[PDB]
Amino acid sequence: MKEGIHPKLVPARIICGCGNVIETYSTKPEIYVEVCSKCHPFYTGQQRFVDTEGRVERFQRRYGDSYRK
Amino acid sequence: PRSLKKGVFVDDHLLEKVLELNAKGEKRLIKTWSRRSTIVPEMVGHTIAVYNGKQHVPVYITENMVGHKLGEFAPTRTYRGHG
Amino acid sequence: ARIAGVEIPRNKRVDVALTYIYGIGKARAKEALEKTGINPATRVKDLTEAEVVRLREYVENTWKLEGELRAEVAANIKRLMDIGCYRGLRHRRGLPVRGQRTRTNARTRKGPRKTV
Amino acid sequence: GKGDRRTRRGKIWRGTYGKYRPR
Amino acid sequence: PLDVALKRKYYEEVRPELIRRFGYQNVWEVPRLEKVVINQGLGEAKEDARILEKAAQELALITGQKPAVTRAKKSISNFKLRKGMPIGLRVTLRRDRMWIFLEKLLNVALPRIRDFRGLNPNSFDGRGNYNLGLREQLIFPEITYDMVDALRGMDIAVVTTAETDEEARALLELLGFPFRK
Amino acid sequence: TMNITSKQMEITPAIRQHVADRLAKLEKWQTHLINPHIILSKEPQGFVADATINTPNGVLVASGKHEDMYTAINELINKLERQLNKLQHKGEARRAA
RNA sequence: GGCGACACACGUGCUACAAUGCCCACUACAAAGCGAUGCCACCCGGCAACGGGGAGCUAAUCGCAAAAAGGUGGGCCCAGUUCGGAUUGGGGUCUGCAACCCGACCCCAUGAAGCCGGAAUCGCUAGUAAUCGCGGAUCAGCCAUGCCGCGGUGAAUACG
RNA sequence: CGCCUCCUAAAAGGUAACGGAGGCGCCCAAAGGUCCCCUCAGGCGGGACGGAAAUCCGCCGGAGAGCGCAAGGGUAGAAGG
Ligand SMILES: [Mg+2]
Ligand SMILES: [Mg+2]
Ligand SMILES: [Mg+2]
Ligand SMILES: [Mg+2]
Ligand SMILES: [Mg+2]
Ligand SMILES: [Mg+2]
Ligand SMILES: [Mg+2]
Ligand SMILES: [Mg+2]
Ligand SMILES: [Mg+2]
Ligand SMILES: [Mg+2]
Ligand SMILES: [Mg+2]
Ligand SMILES: [Mg+2]
Ligand SMILES: [Mg+2]
Ligand SMILES: [Mg+2]
Ligand SMILES: [Mg+2]
Ligand SMILES: [Mg+2]
Ligand SMILES: [Mg+2]
Ligand SMILES: [Mg+2]
Ligand SMILES: [Mg+2]
Ligand SMILES: [Mg+2]
Ligand SMILES: [Mg+2]
Ligand SMILES: [Mg+2]
Ligand SMILES: [Mg+2]
Ligand SMILES: [Mg+2]
Ligand SMILES: [Mg+2]
Ligand SMILES: [Mg+2]
Ligand SMILES: [Mg+2]
Ligand SMILES: [Mg+2]
Ligand SMILES: [Mg+2]
Ligand SMILES: [Mg+2]
Ligand SMILES: [Mg+2]
Ligand SMILES: [Mg+2]
Ligand SMILES: [Mg+2]
Ligand SMILES: [Mg+2]
Ligand SMILES: [Mg+2]
Ligand SMILES: [Mg+2]
Ligand SMILES: [Mg+2]
Ligand SMILES: [Mg+2]
Ligand SMILES: [Mg+2]
Ligand SMILES: [Mg+2]
Ligand SMILES: [Mg+2]
Ligand SMILES: [Zn+2]
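Note that the protein sequences, when read in sequence, are chains A, B, C, D, E and F. Heads up: the first sequence begins at 940 in my numbering, then just goes up one per residue. Heads up: the second sequence begins at 207 in my numbering, then just goes up one per residue. Heads up: the third sequence begins at 2 in my numbering, then just goes up one per residue. Heads up: the fourth sequence begins at 623 in my numbering, then just goes up one per residue. Heads up: the fifth sequence begins at 62 in my numbering, then just goes up one per residue. Heads up: the sixth sequence begins at 194 in my numbering, then just goes up one per residue.
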């Protein structure tokens, strides 16, 4: 590589919020991120962050069967 | 919306013709003036004519239109814009 | 893109900041800081990083927010517009939905006046 | 102001009660 | 050649599963990565403030490599484009920096994407290469909210030695590329 | 803008446009015609064309009658012109010391 | 079913565009009215609308009832914001045979326009204007921000 | 009305008409000398904003691009970048 134009790559820590730490390389030796592949809901299986809903409507109402048959 | 303590309202005279069709191998076309009646699941799959004040509108009930009223599907005002 | 994907303002208190999130109002701001035991009057510039991911964790796991919320609200307006019910028609035309008079006003739904 | 239901002043304007104006 | 986990994962895990999935008879036949070409079609800096040096300072932090200036082929009146004008940045990543970039790309960048639901499975070259665009540059771990000024995305070309899209789908998915379909 | 009321009577959009074109004679005086309001009506002997218009210098109120509706309209404009030209020039009279 | 429609246009009003302000907690000070399938104390459940218990009062006795502005304390720090509360998604309550068209209210979320308004134009001469709440008729409920009343705080100016 | 290009012009050169069509009266301090390096237009597929067409990637693609300006000749094994 040409000299004096490229940011030097050094060994680097990456600390995600989920405690996962990656041993990679970067121009910054230590970086904090809010998410990573180890915890992101698309990555960690069908980790439905909230809406493990199912249908949900238009029948799980069932309030109720009091009308006659 | 209606209190949950009260029931899911159907005019009873419409609910009856639903089950007689269910318990015999439906369907015949149902004419009705019961805009106020809820679309209970036993109705799913029928086609019912709703009076809008002028015409009885054929409304095919599907699975995703249950917690609703029959009037919502036979609108009353003809409007096509201005100009 | 701190929490939750929205870079909430520093300089402001936590309860006030978290309102700058799609899905979190004054009510849910009280709920997040009690359930994680954070002083609701602490500026975002002063949250210990332990506090942040503590606050971040509870918020994102409890409630639907930003994109997932917006996709859902749209999906409900979409299904209303597909099943052809009356409210769906009002969304089809951009007219109001909750029974308001349209002979005048309704400028929020219609937009600024179109001359003739 | 008075037109805001989620405040005390709004519930006073309407004559109603709730979480933001208890009785 | 540095020891980077993605490169090691390529040789130790990825290659054996590829040989087994396709039955290659020569070690040079198994798909590998040729290069990763990052491109910014800036153009919002054509005349305005040709101080895209802001962006070159960014891509250099992201890749450890100084990007090079792309200049307009012909002149285009509707785009307000004079032949020769500087309209973006291309940086070509190979060998360890290519691995080092892709390593952080799969681990950190793609997860930070807004409402991320996986890479587009249909974006393949038809000859075994892949391409994806980005909407922002904060996606990367080195570019913080403080230092940024404007929202500039990029194109990323992933060039493999695979002759077909299927072999390339296999290689990239095995490296940790999250596809939705 | 200009409003037209047909009291206890139905008129066409053509008739309304004739009225707007006839009131356009008042644009001669190059003064703001503010919310002009015409009322066409039917009495047992003929039609009545009323009008109320405000200008920066005063208001105009006039009523025209005739068997023929257009003539009653025209008579209205004549009475409205004479008032407008009075509003626009009466101040010039007491000018010399 | 419509009278509630909606490319538009005008009249009357409500809430505002903020710091003489907004929010929360605590604490004062009225008048006139209404009230026996009525007004509801107080207790319990619910964040709440409300629900279940249940006393009192044919009512200067019991109840609607808390008046609000104000006072005290704390927050907000000039940003389309802790200004503003439109619009919409979702969840409930209650009346009523029935709330799709087309009810009011509560709760979560959404959080629009609006930065004081062109030509033009209205009211008001003193407890008035301005501002703050309270009550009643109609009334199952309510589209009342209307109307008829009631008190609280309380000005400016009139040469001519 | 002088000059350039093509045709008329009858396969050397030349060849007329108030015959058929276009251009010139500049320009360039590099658009000149040399050395080194590089190769087009276009089609298809892929890629945030981004489009028929901006920039990126892959495959095909001998010259249809380019060569300041008319036309012709020439030309990438460069006269083009
Ligand atoms: Mg060297
Ligand atoms: Mg050297
Ligand atoms: Mg919010
Ligand atoms: Mg309404
Ligand atoms: Mg006020
Ligand atoms: Mg508010
Ligand atoms: Mg090898
Ligand atoms: Mg493909
Ligand atoms: Mg390939
Ligand atoms: Mg980053
Ligand atoms: Mg009119
Ligand atoms: Mg005349
Ligand atoms: Mg009706
Ligand atoms: Mg009416
Ligand atoms: Mg309406
Ligand atoms: Mg009009
Ligand atoms: Mg009003
Ligand atoms: Mg006012
Ligand atoms: Mg300001
Ligand atoms: Mg805003
Ligand atoms: Mg604005
Ligand atoms: Mg606000
Ligand atoms: Mg709702
Ligand atoms: Mg209704
Ligand atoms: Mg004001
Ligand atoms: Mg004026
Ligand atoms: Mg007087
Ligand atoms: Mg009142
Ligand atoms: Mg009532
Ligand atoms: Mg010749
Ligand atoms: Mg010849
Ligand atoms: Mg010859
Ligand atoms: Mg010779
Ligand atoms: Mg000649
Ligand atoms: Mg010439
Ligand atoms: Mg040079
Ligand atoms: Mg090409
Ligand atoms: Mg293409
Ligand atoms: Mg695109
Ligand atoms: Mg393109
Ligand atoms: Mg050529
Ligand atoms: Zn993580």
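Beta carbons are placed, not taken as given, at the ideal position from N, Cα and C, and that holds for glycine.
- A residue is listed when its beta-carbon falls short of 7 Å from at least one non-hydrogen atom of ligand 16; in chain order these are 194/F and 196/F.
- Here residue 281/F carries a helix assignment [DSSP, helix/strand/coil].
- Annotation: residue 98/C to residue 88/C spans about 6 Å, alpha carbon to alpha carbon.
- Nearest to residue 284/B by C-alpha distance, out of 273/B, 258/B and 266/B, is 258/B.
- Residue contact with chain E for residue 24/C: absent (no Cβ-Cβ distance below 8 Å to any residue of chain E).
- Its chain contains 975, 977 and 978 as the residues whose beta carbon lies nearer than 8 Å to that of residue 959/A, once the 5 sequence neighbours on both sides are disregarded; these appear in chain order.
- By the criterion of a C-beta distance shorter than 6 Å, residue 115/C is surrounded by no residue of its chain, once the five residues flanking it on both sides are discounted.
- Close CB contacts of residue 20/C within its chain, under the 7 Å cut and outside five residues either way in sequence, are with 26, 27 and 30 (chain order).
- At a cut-off of 8 Å, the C-beta of residue 61/C has no neighbouring C-beta in chain E.
- Sequence-distant Cβ neighbours of residue 206/E in its own chain, meaning closer than 7 Å and more than five residues away, are 199.
- Taking CB atoms only, residue 274/B has a neighbour in chain C less than 8 Å away.
- Those residues placing their Cβ nearer than 5 Å to any heavy atom of ligand 42 are, following chain order, 955/A, 957/A, 959/A, 975/A, 977/A and 978/A.
- Inter-segment contact for the stretch 70-88 of chain C and the stretch 269-277 of chain B is present: three or more beta-carbon pairs are separated by less than 8 Å.
- Comparing alpha-carbon positions, the option among 216/F, 261/F and 250/F lying closest to residue 237/F turns out to be 261/F.
- The Cβ atoms of residue 243/F and residue 232/F lie closer than 8 Å to each other.
- Contacts with chain A at 8 Å (Cβ-Cβ) do not include residue 226/B.
- Annotation for residue 116/E: 101, 103, 150 and 213 place their beta carbon closer than 7 Å to its own, counting only its chain and skipping 5 residues before and after.
- Taking residue 96/E as reference, the option from 196/E, 190/E, 241/E and 201/E with the minimal CA-CA separation is 190/E.
- For the stretch 977-992 of chain A, the set of residues with a beta-carbon nearer than 8 Å to any beta-carbon of chain C comprises 988, 989 and 990, in chain order.
- Cβ-Cβ distances below 6 Å link residue 125/E to 158 in the same chain, with the five nearest sequence neighbours on each side left out; the list follows chain order.
- Looking at the DSSP output, residue 101/E sits in a beta bridge with 150/E.
- Under a criterion of Cβ atoms nearer than 8 Å, the residues of chain A adjacent to residue 2/C are, in order, 973.
- Looking only at 996/A, 1008/A and 1001/A, the smallest Cα-Cα distance to residue 80/C is reached by 996/A.
- Distance between residue 264/B and residue 987/A, taken at the CA atoms: about 40 Å.
- With a cutoff of 8 Å on beta-carbon distance, residue 253/B and residue 216/B are scored as not near each other.
- Cβ-Cβ separation between residue 93/E and residue 221/E: approximately 7 Å, consistent with a contact (criterion under 8 Å).
- Secondary structure note for residue 962/A: its beta strand (DSSP E) is the uninterrupted segment 960-965.
- In this structure the stretch 152-169 of chain E does not touch the stretch 133-141 of chain E; the number of beta carbon pairs closer than 8 Å is below three.
- In terms of Cα proximity to residue 207/F, the closest of 283/F, 285/F, 269/F and 263/F is 263/F.
- Within chain C, 2 have C-beta atoms less than 7 Å from the C-beta of residue 199/E, given in sequence order.
- A Cβ-Cβ contact shorter than 8 Å links residue 239/E with residue 981/A.
- Residues 37 and 39 of the same chain have their beta carbon placed closer than 8 Å to that of residue 55/C, with the five preceding and five following residues left out of the count.
- Pairing residue 208/E with residue 195/E gives a Cβ-Cβ distance that is not under 8 Å.
- Of the residues 68/C, 23/C and 3/C, the one whose Cα lies closest to the Cα of residue 52/C is 3/C.
- For residue 162/E, the uninterrupted alpha helix (DSSP H) run begins and ends at 156-165, by DSSP.
- Within chain A, the residues whose beta carbon sits less than 7 Å from that of residue 269/B are 997, listed in sequence order.
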